[PDB]
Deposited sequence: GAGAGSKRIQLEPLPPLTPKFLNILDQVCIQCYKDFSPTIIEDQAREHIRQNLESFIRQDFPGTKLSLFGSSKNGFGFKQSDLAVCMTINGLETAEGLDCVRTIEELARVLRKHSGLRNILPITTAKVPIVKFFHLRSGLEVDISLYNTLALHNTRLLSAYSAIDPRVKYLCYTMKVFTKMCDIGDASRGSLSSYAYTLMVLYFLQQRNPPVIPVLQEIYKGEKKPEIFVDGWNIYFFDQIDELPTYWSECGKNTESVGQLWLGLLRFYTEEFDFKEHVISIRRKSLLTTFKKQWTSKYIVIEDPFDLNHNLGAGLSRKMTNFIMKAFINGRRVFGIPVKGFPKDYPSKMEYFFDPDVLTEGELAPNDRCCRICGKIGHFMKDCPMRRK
């Protein structure tokens, strides 16, 4: 059980609002930087068209879902006109050949074809913009997660404010990178939307079953989420599913389209405990009011890593002691 928090003063609550809103303005991309991502797509499409005529490239992921950061990886989906589907298409061979085509591009570095994962991709670094780029073939389920999240973000501005706040919180606690043992940005976003669907009154519906009645400020909702996932939610009798309103029985997070995909499947237990521990601290920092008269930056007070995680690193027992990423032993690392 947790220690109760004192009541919220309208002043401190007004400050929590500004912090949640600033998490969006400070770290979402500008319109010029989004246009720069579009220009990258156009010039890759023309370059690949030389060796794969009919190529069509589309941006998905953080680039288009309305929750991406600056310096987020640019995720590209590749299709070929006349090839309605990838049925029969040898994706590995295509990815490998694509990698060799891109090595002749003067603006790209560290071309890397990866066929390990479920979906093979080509990875490379783009110098003109300092972004990592991932090209995959016919990744339509990814483009559907994007269209779904993009729809929720446009229903209420508080959706984007909160998802960005969550994104800053997890990134600052070092618990928001799936490749290193923790949970992905997508997972933490689903936890946000799910909390908003379950809030009484609801802030967002379940678009997979089909109005502004919730009048709580973003600050109230942010702390509400921290108290929701720290005090009430039963993490192993209920499944975090934005798919529908009714509570689903068996951290478990269900992908709204791939219903066999549990986003928390690869979670250890000292990471699960480390994650929960970060939320309990956030509950304290954001819920318990010298502030504001001796702190030059409010961001640095609320998102202090030495307070949210108590000066401890994220566990990485699974991880290569050289790269720090999961997925391979210490012998086969780049």
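- Residues of the deposited sequence that lack C-alpha coordinates fall in the stretches 1-9, 220-250, 291-299, 339-340, 386-389.
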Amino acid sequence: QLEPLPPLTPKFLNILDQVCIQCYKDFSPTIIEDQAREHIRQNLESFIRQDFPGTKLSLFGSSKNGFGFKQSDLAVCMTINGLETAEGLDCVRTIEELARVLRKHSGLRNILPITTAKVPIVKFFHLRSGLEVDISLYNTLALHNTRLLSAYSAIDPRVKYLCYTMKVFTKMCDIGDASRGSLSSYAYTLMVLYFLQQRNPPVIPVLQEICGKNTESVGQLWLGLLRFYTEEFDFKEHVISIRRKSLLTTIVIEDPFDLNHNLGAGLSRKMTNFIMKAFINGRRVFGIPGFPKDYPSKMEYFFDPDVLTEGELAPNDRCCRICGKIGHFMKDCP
From here on, numbers count along this sequence of modelled residues.
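- Looking at mean Cα B-factors across 109-117 and 70-78, the upper value is held by 109-117.
- The deposited model assigns a higher average Cα B-factor to 239-247 than to the other stretch when 239-247 and 166-174 are compared.
- Looking only at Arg93, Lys160, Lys123, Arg128, the residue with the top Cα B factor in the deposited structure is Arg128.
- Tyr188: CA B factor in the lowest third of modelled residues in this chain (values from the PDB entry).
- When the modelled residues of the chain are ordered by C-alpha B-factor, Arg41 sits in the lowest third.
- Looking at the C-alpha B-factors along this chain, the one for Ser297 belongs to the middle third.
- Split the chain's modelled residues into thirds by C-alpha temperature factor. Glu254 is in the middle one.
- Among the modelled residues of its chain, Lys270 has a C-alpha B-factor that falls in the highest third, as given in the PDB entry.
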